[PDB]
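Have a look below at one chain only, the form deposited in one PDB entry, in structure tokens format.
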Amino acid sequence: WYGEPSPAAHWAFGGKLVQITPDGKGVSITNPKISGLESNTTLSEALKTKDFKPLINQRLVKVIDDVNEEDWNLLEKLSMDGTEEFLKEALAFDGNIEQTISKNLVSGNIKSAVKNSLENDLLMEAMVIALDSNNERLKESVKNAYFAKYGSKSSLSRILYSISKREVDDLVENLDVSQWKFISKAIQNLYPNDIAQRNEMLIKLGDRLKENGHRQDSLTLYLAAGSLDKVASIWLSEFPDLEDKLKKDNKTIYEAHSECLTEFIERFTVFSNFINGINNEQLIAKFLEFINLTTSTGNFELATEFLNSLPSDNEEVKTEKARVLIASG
């Protein structure tokens, strides 16, 4: 019933087993080694020495399923190579074309992205890329491709070409010639600092307004480019017609010739004053005709002034200067 020898064993915290010794008067406290229950030697070692290599060899054999294997295989990679090196390896790369542009952009290779897009007729997305570049050279390649497809079509597109490439030669030549005022501003904004080139183009446009019937508009550009030669050519071609209309206006052959000279000269001289800048052989001859008219009136003073205006290369002008010279004095 009561009171009998017994080890009366109690389990305790830490794998400790208390018991009463066989003599019944003392206390045993052991640490029984339990089958299939071991102190984790490998882990404790891997947690101090930071050496997880032996552990990997254990769990690589002790593999359960496919998913589990992939995790441990990953850890071996991570161990040998290094954490930084593996991430470079797993995040790396190799309508594929439209994918290739995507590769370029994220990799910071804007250069190859622009060419690839243009080479596969993707102009809109070639522009979006180039808009944020601030690199140039490529910005000039995207534009060339746009003008290689919609270039010389409407008027607006032709204006864009002349602003981009900064060359008005085409715009002067090929634009709608009523839009001549747009071509006027384009010159003044292309060469604010190039008088020589500015004139040549304003003349080129002026010589094109004349070829197309815009006589009044042409003289405006000839005045703006400071060139008598052209305006004189305009008026010298209108000379024999304007002379043959005074003959119909009840006037004699001489009165017609006398008046047509006087008027033309008078006009040419007034317009000469408002312009900046005389070797036109027809102009020099008309002046000469008027020299003989003015001298025969007795007015040598006015004739001398008109002889000086002409270049003194010609022998007749030289002789006519000399004639009046001794005639008045």
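Under this definition, the rigid core comprises the largest set of C-alpha atoms superposing within 1.5 Å between the forms. All residue numbers are counted from 1 along the displayed sequence.
Omitted from view is the form deposited in another entry, to which the following refers.
If I align on the rigid core, exactly one of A232, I101, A225, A186 should have its C-alpha move by 2 Å or more between this form and the one not shown; which residue is that? The one that shifts is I101.
Quick check: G26 between this form and the one not shown - does its CA shift reach 2 Å or more after fitting the rigid core? Moves: yes, 2 Å or greater.
For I291, decide whether the Cα shift between this form and the one not shown is 2 Å or greater, given a superposition on the rigid core. It does not, since the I291 C-alpha is displaced less than 2 Å between this form and the one not shown after the core fit.
Under a superposition restricted to the rigid core, does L55 display a Cα displacement of 2 angstroms or more between this form and the one not shown? Yes, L55 moves 2 Å or more.
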